Amino acid sequence: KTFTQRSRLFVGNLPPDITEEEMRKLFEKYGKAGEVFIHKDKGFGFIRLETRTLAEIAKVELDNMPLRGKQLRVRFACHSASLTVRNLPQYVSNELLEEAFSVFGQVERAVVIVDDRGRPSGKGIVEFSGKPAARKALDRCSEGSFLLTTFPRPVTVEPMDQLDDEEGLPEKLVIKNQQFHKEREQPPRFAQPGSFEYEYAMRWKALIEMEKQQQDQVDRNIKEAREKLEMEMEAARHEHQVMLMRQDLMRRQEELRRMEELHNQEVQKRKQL
Amino acid sequence: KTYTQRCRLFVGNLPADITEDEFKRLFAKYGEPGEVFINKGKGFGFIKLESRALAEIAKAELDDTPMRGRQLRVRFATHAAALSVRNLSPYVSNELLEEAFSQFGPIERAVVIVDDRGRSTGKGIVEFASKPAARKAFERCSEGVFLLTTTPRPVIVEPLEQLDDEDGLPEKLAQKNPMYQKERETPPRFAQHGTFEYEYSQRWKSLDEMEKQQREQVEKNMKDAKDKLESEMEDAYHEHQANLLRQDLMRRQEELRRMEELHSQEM
């Protein structure tokens, strides 16, 4: 919606004479502005924009031009209150997440990851509004078992790993140290068969195929255990129903006997006197 | 550059009675329209723009806009010529991936996936311009062996998978399933101490903890294997050099023996 964390912007390389009113006038072309957080000495600050469209447009049209001999660095700031939810049931919806996780706080956006065909991946992306709400949801779903439907499968909640695929790696941020030169002596190319490089690359690729085999074995073990529990569903349900009914019957039989003996001793003590 | 695959636009909820001229009139504001493929039966079309900035202003301006009683739906099409490369060295970069895989075709974007701090995850993604070029690259790095850095770390190449992020699972298609409604009848809850769902959720939590433990064990084992293989660089290098020298020396020794005995016979 409007004024979310997706509209938060990270503006860098600000001049040392930066002021709140000047930046407020800078974003005057983009409607209202939210929290104006500024650090004078380090040259950057946090700003909030009106909407996501406005945020994207302002970020794109406000970076890379100089201001008093300082090119603006306005890039997308990371989400500080994200959460990923795993093991979701086979019938889920993003509004289901918006309603279920709304208990722990306001949900700016929750998305069940969908592949190309349309099948659910089984994971989710949850972005609350604030850090403390995210922490409380995380630890509550950790200690608790937050169901989502009739199918008694809880969902494990973990902090989302925010991976950045926009900047990648510009050359300038790289250290360019002695190792860099040590690792740039020879250009990229294939390996001539029967040499040192080819044999050692075969060692590496054998190791990587071992990686694939181990991950697939773990996947298979977990899938077989999941199928076993899916089959044990009905037996466990009926066993618990019968156990509850038996315990309740025992309790109520004891209550009946206790009431009967109470009345018996009361009438005996009344008739004796 | 201009007119990249990443500039393709998927437009949904298109009325059946539309024309290409009106289609270009809609996006005439952002500059000269490019590729235009329209399917009147399904009511969807594609268009390619000049760059990423104009593409994003278009997506953010024409989304959720009425059009003859139909809401305009503009989303991103899947990039088909995608190829996942990994095992990258921590000193690789966008231009290195561009140049190295340029030999197998034109590259539109090849970004090295980095975490929040910017450090390399060790992986990467490459978006080729044309699908067959991506297939040829995948093959040539599959049977062939491709290196990117002085340290011999081959890059394993596998096709990329497409996962929608800005769009979840629509509620209407979920409701198409007859039993989704009857499943939703029970509201989301915490379970209750003593009830059946509570103990059975405890069993699920035990299973998930065991799975996490197994994944951690594998990752630690592997990190160990990577460190061990890295520690044996110069041992293997020197062994190879010494073996080559020994083989050449043995060949020269055989030549010496043969020539010397022939000369002795002549003498």
# chains A, B, ... in the order shown; residues from 1 in each chain; ligands from 1
$ interface_residues --of "chain B" --to "chain A" --cutoff "7 Å" --atoms "only C-alpha atoms" --output "number ranges by chain"
B: 53, 57, 60, 91, 93-94, 100, 111-116, 145-154, 162-165, 167-171, 174, 180, 183-184, 186-191, 196-197, 200-201, 204, 211, 237, 240
$ write_last_selection --atoms "C-alpha atoms" --output "PDB file, in the first residue's frame"
ATOM      1  CA  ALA B  53      13.846   3.055 -16.312  1.00  0.00           C
ATOM      2  CA  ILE B  57       7.730   3.983 -15.250  1.00  0.00           C
ATOM      3  CA  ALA B  60       4.123   1.659 -12.429  1.00  0.00           C
ATOM      4  CA  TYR B  91      36.770 -12.067  -7.308  1.00  0.00           C
ATOM      5  CA  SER B  93      32.380  -9.613 -11.638  1.00  0.00           C
ATOM      6  CA  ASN B  94      29.647  -8.685 -14.095  1.00  0.00           C
ATOM      7  CA  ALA B 100      33.683 -15.187 -20.683  1.00  0.00           C
ATOM      8  CA  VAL B 111      24.801 -10.375 -12.489  1.00  0.00           C
ATOM      9  CA  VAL B 112      26.663 -12.052  -9.635  1.00  0.00           C
ATOM     10  CA  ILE B 113      24.212 -12.656  -6.796  1.00  0.00           C
ATOM     11  CA  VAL B 114      25.471 -10.992  -3.611  1.00  0.00           C
ATOM     12  CA  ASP B 115      24.077 -10.892  -0.088  1.00  0.00           C
ATOM     13  CA  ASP B 116      23.077  -7.769   1.844  1.00  0.00           C
ATOM     14  CA  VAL B 145      35.406 -27.493 -18.621  1.00  0.00           C
ATOM     15  CA  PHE B 146      35.274 -23.743 -18.096  1.00  0.00           C
ATOM     16  CA  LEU B 147      37.498 -21.778 -15.726  1.00  0.00           C
ATOM     17  CA  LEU B 148      37.307 -18.140 -14.682  1.00  0.00           C
ATOM     18  CA  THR B 149      40.263 -17.541 -12.359  1.00  0.00           C
ATOM     19  CA  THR B 150      43.876 -18.588 -11.811  1.00  0.00           C
ATOM     20  CA  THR B 151      42.779 -20.997  -9.101  1.00  0.00           C
ATOM     21  CA  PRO B 152      41.182 -23.879 -11.023  1.00  0.00           C
ATOM     22  CA  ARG B 153      37.535 -23.558  -9.937  1.00  0.00           C
ATOM     23  CA  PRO B 154      35.258 -24.892 -12.696  1.00  0.00           C
ATOM     24  CA  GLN B 162      11.606 -18.963 -12.731  1.00  0.00           C
ATOM     25  CA  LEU B 163       9.835 -18.035  -9.485  1.00  0.00           C
ATOM     26  CA  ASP B 164       7.308 -15.213  -9.259  1.00  0.00           C
ATOM     27  CA  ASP B 165       7.926 -12.832  -6.359  1.00  0.00           C
ATOM     28  CA  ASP B 167       2.767 -11.881  -7.541  1.00  0.00           C
ATOM     29  CA  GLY B 168       1.627 -14.560  -5.130  1.00  0.00           C
ATOM     30  CA  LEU B 169      -1.017 -17.224  -5.648  1.00  0.00           C
ATOM     31  CA  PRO B 170      -4.344 -15.657  -6.721  1.00  0.00           C
ATOM     32  CA  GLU B 171      -7.261 -16.396  -4.415  1.00  0.00           C
ATOM     33  CA  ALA B 174      -7.186 -21.326  -5.119  1.00  0.00           C
ATOM     34  CA  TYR B 180      -9.889 -25.352  -0.387  1.00  0.00           C
ATOM     35  CA  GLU B 183     -10.023 -26.705   4.441  1.00  0.00           C
ATOM     36  CA  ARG B 184     -10.130 -22.963   5.233  1.00  0.00           C
ATOM     37  CA  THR B 186     -10.738 -23.895  10.516  1.00  0.00           C
ATOM     38  CA  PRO B 187      -9.054 -20.507  11.073  1.00  0.00           C
ATOM     39  CA  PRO B 188      -5.274 -20.289  11.449  1.00  0.00           C
ATOM     40  CA  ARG B 189      -4.363 -20.896  15.074  1.00  0.00           C
ATOM     41  CA  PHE B 190      -1.597 -21.865  17.526  1.00  0.00           C
ATOM     42  CA  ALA B 191      -3.108 -25.267  18.339  1.00  0.00           C
ATOM     43  CA  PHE B 196      -4.490 -33.752  18.799  1.00  0.00           C
ATOM     44  CA  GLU B 197      -3.246 -31.032  16.463  1.00  0.00           C
ATOM     45  CA  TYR B 200       0.985 -33.863  15.910  1.00  0.00           C
ATOM     46  CA  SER B 201       2.454 -30.415  15.232  1.00  0.00           C
ATOM     47  CA  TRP B 204       6.176 -32.134  12.576  1.00  0.00           C
ATOM     48  CA  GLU B 211      15.991 -31.924   8.586  1.00  0.00           C
ATOM     49  CA  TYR B 237      51.017 -28.613  -8.780  1.00  0.00           C
ATOM     50  CA  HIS B 240      52.385 -32.728 -11.778  1.00  0.00           C
TER      51      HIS B 240
END
$ select_by_dssp --residues "segment 114-211 of chain B" --states "alpha helix (DSSP H)" --output "ChimeraX atom specification"
/B:131-142,171-176,178-184,196-211
$ residues_around --residues "residue 37 of chain A" --least-positions-apart "3" --cutoff "7 Å" --atoms "only C-alpha atoms" --output "number ranges by chain"
A: 45-47
